[PDB]
Structures are given as C-alpha cells and as structure tokens.
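Protein chains in written order, with the numbering used here: chain A, 19 to 172; chain B, 367 to 426; chain C, 67 to 193; chain D, 143 to 255; chain E, 3 to 82.
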Amino acid sequence: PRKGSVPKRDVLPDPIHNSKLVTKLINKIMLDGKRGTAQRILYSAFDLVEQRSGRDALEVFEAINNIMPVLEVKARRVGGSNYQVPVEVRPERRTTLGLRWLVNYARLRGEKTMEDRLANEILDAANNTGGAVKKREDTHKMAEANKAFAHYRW
Amino acid sequence: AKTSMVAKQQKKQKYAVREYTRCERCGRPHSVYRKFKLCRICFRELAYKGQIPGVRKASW
Amino acid sequence: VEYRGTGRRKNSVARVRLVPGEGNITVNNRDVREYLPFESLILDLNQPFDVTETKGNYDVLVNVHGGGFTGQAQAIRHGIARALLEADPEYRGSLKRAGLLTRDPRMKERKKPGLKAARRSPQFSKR
Amino acid sequence: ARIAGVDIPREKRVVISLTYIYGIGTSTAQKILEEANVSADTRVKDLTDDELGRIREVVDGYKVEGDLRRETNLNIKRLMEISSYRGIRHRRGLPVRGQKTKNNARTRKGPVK
Amino acid sequence: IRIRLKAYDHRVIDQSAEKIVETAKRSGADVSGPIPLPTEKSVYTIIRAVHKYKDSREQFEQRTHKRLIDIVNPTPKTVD
RNA sequence: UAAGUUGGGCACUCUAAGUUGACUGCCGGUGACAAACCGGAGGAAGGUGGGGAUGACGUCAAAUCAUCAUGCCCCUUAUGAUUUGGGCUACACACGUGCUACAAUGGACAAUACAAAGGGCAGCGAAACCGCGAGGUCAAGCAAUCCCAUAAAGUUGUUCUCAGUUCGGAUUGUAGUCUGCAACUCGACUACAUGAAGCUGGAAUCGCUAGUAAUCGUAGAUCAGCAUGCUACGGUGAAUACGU
Numbered sequence: 019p020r021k022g023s024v025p026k027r028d029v030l031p032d033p034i035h036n037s038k039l040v041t042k043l044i045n046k047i048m049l050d051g052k053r054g055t056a057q058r059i060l061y062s063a064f065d066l067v068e069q070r071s072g073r074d075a076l077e078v079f080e081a082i083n084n085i086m087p088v089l090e091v092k093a094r095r096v097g098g099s100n101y102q103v104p105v106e107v108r109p110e111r112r113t114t115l116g117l118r119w120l121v122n123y124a125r126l127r128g129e130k131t132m133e134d135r136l137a138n139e140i141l142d143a144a145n146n147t148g149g150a151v152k153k154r155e156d157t158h159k160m161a162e163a164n165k166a167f168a169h170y171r172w
Numbered sequence: 367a368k369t370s371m372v373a374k375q376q377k378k379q380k381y382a383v384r385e386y387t388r389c390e391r392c393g394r395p396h397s398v399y400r401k402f403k404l405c406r407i408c409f410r411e412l413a414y415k416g417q418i419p420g421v422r423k424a425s426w
Numbered sequence: 067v068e069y070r071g072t073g074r075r076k077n078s079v080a081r082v083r084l085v086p087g088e089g090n091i092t093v094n095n096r097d098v099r100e101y102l103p104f105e106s107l108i109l110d111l112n113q114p115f116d117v118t119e120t121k122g123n124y125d126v127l128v129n130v131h132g133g134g135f136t137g138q139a140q141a142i143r144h145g146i147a148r149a150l151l152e153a154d155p156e157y158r159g160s161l162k163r164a165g166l167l168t169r170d171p172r173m174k175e176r177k178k179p180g181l182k183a184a185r186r187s188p189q190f191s192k193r
Numbered sequence: 143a144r145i146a147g148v149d150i151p152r153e154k155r156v157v158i159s160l161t162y163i164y165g166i167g168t169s170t171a172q173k174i175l176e177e178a179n180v181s182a183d184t185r186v187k188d189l190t191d192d193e194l195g196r197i198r199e200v201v202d203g204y205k206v207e208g209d210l211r212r213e214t215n216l217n218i219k220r221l222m223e224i225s226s227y228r229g230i231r232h233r234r235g236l237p238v239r240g241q242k243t244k245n246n247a248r249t250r251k252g253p254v255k
Numbered sequence: 003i004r005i006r007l008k009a010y011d012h013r014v015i016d017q018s019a020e021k022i023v024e025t026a027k028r029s030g031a032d033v034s035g036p037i038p039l040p041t042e043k044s045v046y047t048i049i050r051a052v053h054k055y056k057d058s059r060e061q062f063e064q065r066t067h068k069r070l071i072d073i074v075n076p077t078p079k080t081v082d
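Pasting the structure below:
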C-alpha cells in the first residue's frame, strides 16, 4: 500500500476482455509502437488458442495463476557487506512482470507456426514444467525457502 | 569526399610515399597528365577561352 | 526547421520533429490510422494540412502527450502547423483564412461533489 | 527399405538414415531429395508408402553413385605412389600428415602403444 | 575559368581575393569580386610519433579555406 | 530536364567552398536596500547559439638503450651481416581478448527500392561479367557527380520443423583463393569431402536514454601469409526517471 509510486500515465482499453490488462499485454509485447497491428498479431492465432485447447482462451490466457514474482530477491548490500535481500512486488508491477514473463522465459520451446506454439506453451503451463513458470517457484526459492535478511527493504 | 581528397594530396609525415600527387584544385586524377603540377582537365578549364599561353591546337 | 512544434488541443500538447523533404508520417513510429480509438474523420483529421498543401512534404515521426481517448488525436496536426510557421513564413499568410491558434475554450465536466457537474443539477426526474 | 538393402536406423529422423550410410555426412542429405511434399516427422519408414523410389532415382542420376566414388578413392592409393605425397611412406609406418609424432603420439595410424 | 583560390589562413585568402581582382582588372574584360563561401568544417585529435601532449600533428587546422576569383575573357595581356 | 543532366546559369530551393544572430542585457519575474540570470513571441537557434575545445604550475621514471637522448650502453670471423639446415602460431592450451550456431515468439542460401565516412590510370559497378563463396574482366566517366546503391526497417523470401534435423564461419587433412621460398621444423577465408563440443553457460567477471549510446548499413592507424574486434552517419533509433 505504498502511496508514493512512479508516474505511470498509461492507457489500455480492451473491448475483448472488458478490463485494462488485455491491452496492457498488447502494449507490453508491443514493438515499434504497435497497437492496432498488435491486436491483428494477437487475433492471428487467438482463434487457434481456443481451437487447440479444451478450456476458454479468455480465462486460459488458469495458466496466469503460476507466473507472478511473489517475492523476488533484489539488491541492497546490508551492513557494509555485499549481500542480497528479497522484496515484495506491487499489484501494478507483478501483472506487467508476469505478462511478458512468457514472452522472454518461454522462447526455448516452439513448434508449428509462430503464434500457435505460444498457446501450446500457454496450455499445461500452470503445472510446473516450463521455463517461464519455473521462475515462479525460483522466485520463492530465491527469498523464502533459503532464509536471509529482510530489514534492508527496497 | 572530394574536399577531403583535394585536401590530403601532398601530406608529408613519417612516410612521404603515401600522399598521391593529383589535380591541385580540380579533379579527374586519371585520363590527364601529372608531372609539373598541371592536369589536362584543370589546365583546359584554366586555359578556357585562351588564358595563359598553354592550350593550343597543333601548328607543328 | 520544423522540430519542437507547440500544438495544444483540449489539454493535449505534443512536439513534432518534422523533417523537410521526406514524407514518412509514422505517429507512435507505426500506423496512425488503426491507433486512434475513435476519430471517425481519420482522413479529415488534418483540416489545415489541406490549405498547407504539404501532406507528403514532411515526416512527423513524433509522439502525443496527455489528452483523452480521442482528445490526444488531432493535436500533432497543430504541432506540425506551428513547426511549419518557423519552417516558412509563407505558411502563416497561406493559412490566413483558417488560422487555428486555440481550439480548447472549455474542458471536460463529469461527476463532481455538491453540484452534479458544478453547473447543472437534477430537475423533475422522469418516472 | 531397399535404399541400402538392410535399413540400419529404424523409427527415427527420415534424413538420419542417410547419416549412417557412408558417402554423406548430413551436408547434402536434404539437398538430394527435392520431390513434391518431401517432408519428415521423425518417421523414416513410418507414415510413408512411396518416397524412397524418387530418392533412388536422384542418387543414381547423380555423378557419384555410392560405391564407384569409393572405388576410385581406393584405387588412387597406388596411383598416388609416384614419389609424391598422400602418405607415400607415412601410412606404412605410423607418422601422419601434421608431424604429431613429436607433439604427442600417432592417433591416425598406431598398431600398439 | 571556374578555378578556386586555396591560400594559407583567413587573411591570406583575403589578400589573395583582392590581388586576383587587380590582375583581372588589368585585362580588358568583365571582372568579379566578393565570393560567398559559408564556413563549414570539423576537428579531431589522436597521437603523433614522439612526445607532444595533446593535439597530434603540429598543424593549424583541416579548414578547406579557398576562393573562386578568376577571369571571364582572357586575352594576350591576361598572362600578367 | 544522361545522380559523369546533353540543355536553357532555364526557376531556387534543402545546399555546399569566408561567418552569422545571441545572450546577457533591461528582459514577464524582484532581490530590499539588491543585482539578476533564467526564460516570457523572443526569431530555427532554451540561452557560453546547443556546445565543446582547455592540459593551469604538477605527481608518479610508473615506461623507454628493447620511445630515444644518454651517468650511457651489449657483441669485435659472432648479438651484426648477402642468407639457407631453420624460428616466437600447428601441442594439454594456463588468460585476456577475435565473431560466434545453442533456436520455430527461427537456420544457411532468392531476385532485392532507396545516404555513406573513404577507395581508385589500372582501380570502383544498374539485369551483364562477380549474387552462397573465397575471385580470372579488360572497362563507360575516369574524381562534390559517375562506383560501392546487389546496402536497410516501419513495407518480403525460402526452407528444413520441442531438435544434432538444410540450425553450427571449430578442429583436421588431398585442395581454390592469400602468400606458398624459410609452414618438412611458424598463418588463414568459404568450400570436393570433416564440418566438434553447443538447448542460455564455468574458476571468474563484464554490460544498459525516438536521426545517435548500441542496432538493419555499418568503419584500419594498415605488415609481400592473422580483418573473424569497437572504428562513417542519411534514415530502421521503437524507450526515457519512487529517489536525494
């Protein structure tokens, strides 16, 4: 509940999910200011996502319940020595960290076309077996499972 | 890069065999003449309309 | 000279780095026809441009700052309009018929405390 | 099948069958078969009925057949014995091209060490 | 003739621009004078051979200072 | 209207080949006894135009007979020297450095539309000779041009398909380039074959701001055998600040 945050001033209206995350993921995986083209590249395999799966793509895009940096170990050298201490993520930071988490930590396993494998890796991703979903348990193993110091906050 | 080629023509440093003597102020280094600092192209333009007694026809 | 252009439209100032000659207008560095949320008149979004007669004679390659959903649109047109004023003095005299300097005499009023929109109020609620 | 008489590799890459066959080291394995729909999904003799026939026609029409290329290569051995090089007096002993007899041992040709 | 005038420095090219107008005035034909030549160059430093702090190659600059004063109708008395 | 424009110095632009306004100085703005510089229309020039350049006297010989002068030194048919038996690279590689292929949110190789810094009387290229390549063209002009332009993105290949597969600019060896005489006992390019380990990584360390750092394009101060490192700016140049 930090009142003081970074000046964001961003917009992301989506008429396919009725929220501000579908366009947030369309602006996170966007390149060379691609907004309208992003939707075309996102709807290019959108039908295949719901065609190569047995669940609803909208709610599948249950695969988003295992890609959040719960408590990542950041850099504060505490007590005059070079040590690492973990920190808590913000609601308006973990959503942007996990949104592009599969667009950088899930580029080692692909097949078929160029946008059909994205949903292929999207399916059966909740169950720890991939690389981008392996960072979720790696985040908690980098701060909680191995006890460390926590007083150095940021 | 004609200005950079008309500048570095007789640069004398550790090796004086690196600078190539060509048209003093004009261009067309090839298809001319170079021995007494006077290229045909430049001399022709420098003798345009009969200037310094140099550009002639024949007359033995 | 057509860079650092001042153009405010309903609280939406935006600088434009237009270059003389090349005409590669790429707002947001890509498509500008499928970016604007609404903007029905996408081709009629530049009214002064027609009189300016420099549609394909300047490359925008700039951005937009602040504004609303459609309030951020039709702001770079005035941004390059002021940039053309410094780029050529003929433009000023060429656009004497229109001459767009200010087009934001009011703001946007919605839900507010005390008064409905701090001006109007409920009157005979229809049953 | 009858590509080499007795298929060495089985149930694997379609171009992996030409890897075990001498004469090609996976450099022209996908540059010899250019027939219509000549794909491969890890199934040499699987999901296929007629495809080797065209591969046996492009391998026979090529300059090198498969045994004649090794025939001339195993016939120039005595043809390169005109007091020149090609291990004239190297293979007989143990020393090989590179003079690695002083740097280490003779890994090329070595009976017992 | 369309020929340039590369002297030494700025005043060296200034005295060569008035001296070429004098020789051209001697001949009986049209003569020019001032010639617009907007300033435009660059500079850079590196190393020399022995020891000489900064600013390698003891020289003035790489300025391409020149001119364009000449004659239009050269006659037999245009040689002087 | 031949990017050697063949014109009309035809009409002037965006223009090159001496600088200029401008920058402190009242400036909109008040310090309280008190200017002002910021920046207001300021001009394109956010204010030394933006800016840089600048090596103040020094300190460490840290470096230098192998950066030389020398307090000066080291060989006197051998440390020279006309130069071969022959050299510091090729063997376990012990590092920094040389790009690299570890992948389908993609490979080598089609035609290919569009600045360059610089290269050149023997040398640059539009379908052509040179479009996998290392090269065997004489050569139009012969250097604002002409050639690289067969460069580049917002506007394109291909194809082999959770991998050894048409993904691997390593070794190795007949052999073509660069040099082949000193490589027999010292380098390489991509190939007729050999084409490794290699699925984001060691001991240990190194790297990140819309015409630029980087990056499609990309560069030498150059030795008769190593260009495979940043190296030039038209445009791909998309992104820019919880905190003192």
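Note that CB positions come from ideal geometry on N, CA and C, so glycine has one too.
Kindly list the residues whose CB is nearer than 6 Å to the CB of A/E80, restricted to its own chain and excluding five residues on each side of it in sequence; keep chain order.
-> Here residue 80 of chain A refers to the residue found at position 62 of the first sequence. Cβ within range, chain order: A144.
What residue from C/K177, C/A153, C/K178 and C/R75 has the CA that sits closest to C/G134's CA?
-> What you label residue 134 of chain C is simply residue 68 of the third sequence in a count that begins at 1. Proximity to C/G134 across C/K177, C/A153, C/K178 and C/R75 peaks at C/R75, based on C-alpha coordinates.
Members of the segment 404–420 of chain B near chain E, C-beta cut-off 9 Å | Hits within the stretch, in order: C408, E411, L412, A413, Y414, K415, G416, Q417, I418 and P419.
Specify the secondary structure class of A/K92 as computed by DSSP and reduced to three states.
-> Indexing the first sequence from 1 puts residue 92 of chain A at position 74. The answer is strand: DSSP assigns A/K92 an E or B state.
Since C/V117 and C/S160 are thought to touch, with beta carbons under 8 Å apart, how far apart are those beta carbons, to the nearest angstrom?
-> Position 51 of the third sequence, counted from the start, is the residue given in the question as residue 117 of chain C. Position 94 of the third sequence, counted from the start, is the residue given in the question as residue 160 of chain C. Rounded to whole angstroms, the Cβ separation of C/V117 and C/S160 is 7 Å, and the two are in contact under 8 Å.
Using beta-carbon positions only, say whether A/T147 and A/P87 come within less than 7 Å of one another.
-> Translated into the one-based positions of the first sequence, residue 147 of chain A becomes position 129. Translated into the one-based positions of the first sequence, residue 87 of chain A becomes position 69. Going by C-beta atoms, A/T147 is not nearer than 7 Å to A/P87.
Chain E residues whose Cβ lies nearer than 7 Å to that of B/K378 = Within the second sequence, the letter at position 12 stands for residue 378 of chain B. Result: empty, since nearest Cβ-Cβ is about 11 Å, beyond 7 Å.
Pairwise C-alpha distance: D/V186 and C/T136 | On the third sequence, residue 136 of chain C is found 70 positions in, with the first residue counted as 1. On the fourth sequence, residue 186 of chain D is found 44 positions in, with the first residue counted as 1. Here the alpha carbon of C/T136 sits roughly 60 Å from the alpha carbon of D/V186.
Contact under 7 Å by Cβ, C/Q140 with C/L111 | On the third sequence, position 74 is the one that residue 140 of chain C refers to. On the third sequence, position 45 is the one that residue 111 of chain C refers to. Closer than 7 Å, so yes.
So with Cβ pairs under 7 Å, would you call E/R6 a contact of chain B?
-> Mapped onto the fifth sequence, residue 6 of chain E falls at position 4. Yes, its Cβ sits closer than 7 Å to a Cβ of chain B.
Anything in chain B within Cβ reach of E/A51, meaning under 9 Å, just list it in chain order.
-> Within the fifth sequence, the letter at position 49 stands for residue 51 of chain E. Per Cβ cutoff of 9 Å: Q379 and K380.
Please state if the CB of E/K68 and the CB of E/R13 are separated by a distance shorter than 7 Å.
-> Working through the fifth sequence from its first residue, we reach residue 13 of chain E at position 11. Working through the fifth sequence from its first residue, we reach residue 68 of chain E at position 66. No. Outside cutoff.
Would you kindly report the start and end of the unbroken alpha helix (DSSP H) that includes B/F409?
-> On the second sequence, residue 409 of chain B is found 43 positions in, with the first residue counted as 1. Element bounds for B/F409: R406 to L412.
Just by C-beta distance, which residues in the segment 54–86 of chain A are closer than 9 Å to chain C?
-> The residues in question are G54, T55, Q57 and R58.
If we ignore side chains and look at the alpha-carbon of each, how far apart do A/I85 and A/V96 end up?
-> Numbered from its first residue, the first sequence carries residue 85 of chain A at position 67. Numbered from its first residue, the first sequence carries residue 96 of chain A at position 78. Distance between the alpha carbons of A/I85 and A/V96 is about 29 Å.
Top-ranked residue by Cα proximity to A/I140, from A/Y170, A/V103 and A/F64 = In the first sequence, the residue the question calls residue 140 of chain A occupies position 122. The shortest Cα separation from A/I140 among A/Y170, A/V103 and A/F64 belongs to A/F64.
Between the Cα of E/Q64 and those of E/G35, E/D82, E/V45 and E/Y55, spot the shortest distance and give me the residue it belongs to.
-> For the purposes of this step, residue 64 of chain E is taken as the residue at position 62 of the fifth sequence. The shortest C-alpha separation from E/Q64 is found at E/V45.
Check whether the Cβ atoms of B/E390 and B/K403 sit closer than 7 Å, and answer yes or no.
-> Here residue 390 of chain B corresponds to residue number 24 of the second sequence, with the count starting at 1. Here residue 403 of chain B corresponds to residue number 37 of the second sequence, with the count starting at 1. Between B/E390 and B/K403, the gap from beta carbon to beta carbon is short of 7 Å.
Could you give the residue range of the alpha helix (DSSP H) that holds E/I3?
-> Within the fifth sequence, residue 3 of chain E is the residue found at index 1, counting from 1. Careful: E/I3 lies outside any alpha helix (DSSP H) and carries neither H nor E.
Please name the residue or residues paired with E/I73 in a DSSP beta bridge.
-> Indexing the fifth sequence from 1 puts residue 73 of chain E at position 71. Answer by DSSP bridge pairing, in chain order: E/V33.
In chain order, what residues of the same chain have a beta carbon less than 8 Å from the beta carbon of C/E175, not counting five sequence neighbours either side?
-> Indexing the third sequence from 1 puts residue 175 of chain C at position 109. Answer for C/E175: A183, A184 and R185, listed in chain order.
D/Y162 Cβ short of 6 Å to the ligand SAM heavy atom set = Annotation note on the ligand SAM: not contained in the displayed structure, which lists no ligands.
To the nearest angstrom, how far is it from the Cα of C/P103 to the Cα of A/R125?
-> In the third sequence, counting from the first residue as 1, residue 103 of chain C sits at position 37. In the first sequence, counting from the first residue as 1, residue 125 of chain A sits at position 107. Rounded to the nearest whole angstrom, the CA to CA distance from C/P103 to A/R125 is 32 Å.
Report yes if the CB atom of C/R148 is closer than 7 Å to the CB atom of C/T72, and no otherwise.
-> As a working note, residue 148 of chain C is residue 82 in the third sequence. As a working note, residue 72 of chain C is residue 6 in the third sequence. Taking 7 Å as the cut-off, the beta carbon of C/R148 is found closer than this to the beta carbon of C/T72.
In whole angstroms, what separates the C-alpha of A/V121 from that of D/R155?
-> Taking the first sequence and counting its residues from 1, the one referred to as residue 121 of chain A is at position 103. Taking the fourth sequence and counting its residues from 1, the one referred to as residue 155 of chain D is at position 13. Roughly 30 Å between the two C-alpha positions.
Find the residues of chain B that neighbour E/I73, judging by a C-beta separation of less than 7 Å, and give them in chain order.
-> For this step, residue 73 of chain E is matched to residue 71 along the fifth sequence. Chain B residues near E/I73: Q417.
Give the interface partners of B/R391 over in chain E, defined as CB-CB distance under 8 Å, in chain order.
-> Here the question's residue 391 of chain B lines up with position 25 in the second sequence. Going along chain E in sequence order, the residues near B/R391 (Cβ under 8 Å) are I5, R6, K8 and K68.
Using a beta-carbon distance below 7 Å, is C/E88 in contact with chain A?
-> Position 22 of the third sequence, counting from 1, holds the residue named residue 88 of chain C. No, no contact with chain A.
So who's on the other strand from A/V103, going by DSSP bridges?
-> Walking along the first sequence from the start, residue 103 of chain A turns up at place 85. Answer is A/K92, bridged to A/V103.
Taking DSSP as the reference, what is the three-state secondary structure of A/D134?
-> Here residue 134 of chain A refers to the residue found at position 116 of the first sequence. The three-state reading of DSSP puts A/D134 in helix, counting H, G and I together.
Interface residues of chain C around A/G51 at Cβ under 7 Å?
-> Stepping through the first sequence from its first residue, residue 51 of chain A is reached at position 33. For A/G51, the neighbours in chain C by C-beta distance under 7 Å run, in chain order, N94, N95 and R96.
Secondary structure of B/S370, DSSP reduced to three states | Walking along the second sequence from the start, residue 370 of chain B turns up at place 4. It is helical.
For C/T120, which residues from the same chain have a beta carbon less than 7 Å from its beta carbon, with the 5 sequence-adjacent residues on both sides left out?
-> Counted from its first residue, the third sequence places residue 120 of chain C at position 54. Within the same chain, C/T120 has close Cβ partners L150.
Return the Cβ separation of A/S62 and A/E133 in integer angstroms, given the expectation that the two are a contact with Cβ distance under 8 Å.
-> Against the first sequence, residue 62 of chain A aligns to sequence position 44. Against the first sequence, residue 133 of chain A aligns to sequence position 115. The Cβ separation is near 5 Å, so the contact holds.
Between the C-alpha atoms of D/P253 and D/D183, what's the straight-line distance to the nearest angstrom?
-> Start at 1 with the first residue of the fourth sequence, and residue 253 of chain D comes out as number 111. Start at 1 with the first residue of the fourth sequence, and residue 183 of chain D comes out as number 41. Cα-Cα distance, rounded: 44 Å.
By the 10 Å Cβ neighbour count, where 16 or more other Cβ atoms means buried, how is A/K153 classified, buried or exposed?
-> On the first sequence, position 135 is the one that residue 153 of chain A refers to. So A/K153 counts as buried.
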